[PDB]
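Okay, here we've got a single chain as structure tokens, the form deposited in one PDB entry, with questions on binding and movement later.
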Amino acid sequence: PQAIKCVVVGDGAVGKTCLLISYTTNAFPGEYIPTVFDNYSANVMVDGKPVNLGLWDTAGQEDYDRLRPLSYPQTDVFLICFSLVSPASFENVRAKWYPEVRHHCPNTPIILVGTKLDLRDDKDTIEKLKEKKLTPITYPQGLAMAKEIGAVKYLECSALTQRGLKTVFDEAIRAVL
């Protein structure tokens, strides 16, 4: 198989570990449990090609800014993640996460991922952002952000319902082949 390394970054509690675990195990995790460093792997066929996909979960907290780059060497594709129901995490894509990827791994494909897709329509969650004077991220806002940071694709997915989850990772491989 062809080894392909993918690193997932993004603000804390945007859904990275769930996104990662849900894809490889088809099981949603139990408790929250913020991550410090985790390595996963999965073998999938994309366009008839056998790929040994290496996945590197990262800590979204600032306290681990010195730690996160340790997983970056030899990365083939990056996954910058924000939450479709946390406009602050969307703003950190251009503020923190794209400049960080750019600084360490220039000329490395980036896919911007929209997480927690099922919560943008869940009314019980839409009102809770009204009180905070915030509104969910629309598709066009993300696609505009994608071409701004020069990302290959803009994809929306949900780890809980797995809608569009398999697309995020198929597209990540095609950006490498």
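Only residues modelled in both forms are compared. By rigid core we mean the largest C-alpha set that fits within 1.5 Å across both forms. Heads up: residue numbers just count along the shown sequence, starting at 1.
The protein also exists as the form deposited in another entry; that form is not presented, and the subsequent description refers to it.
Of the residues listed here (59, 137, 146, 117), only one shifts its CA by 2 angstroms or more between this form and the one not shown after fitting on the rigid core, and it is 59.
Core-superposed comparison between this form and the one not shown: the Cα of residue 108 travels less than 2 Å. Once both forms are overlaid on the rigid core, the distance between the two CA positions of residue 126 between this form and the one not shown is under 2 angstroms. Cα-Cα spacing of residue 37 to residue 162 is reduced in that other deposited form versus the present form (difference of at least 3 Å). A shift of at least 3 angstroms brings the Cα atoms of residue 36 and residue 24 nearer to each other in that other deposited form than in the displayed structure. The protein segments that move between this form and the one not shown, counted as runs of at least three consecutive residues with every Cα displaced by 2 Å or more relative to the fitted core, are 27-38, 59-64.
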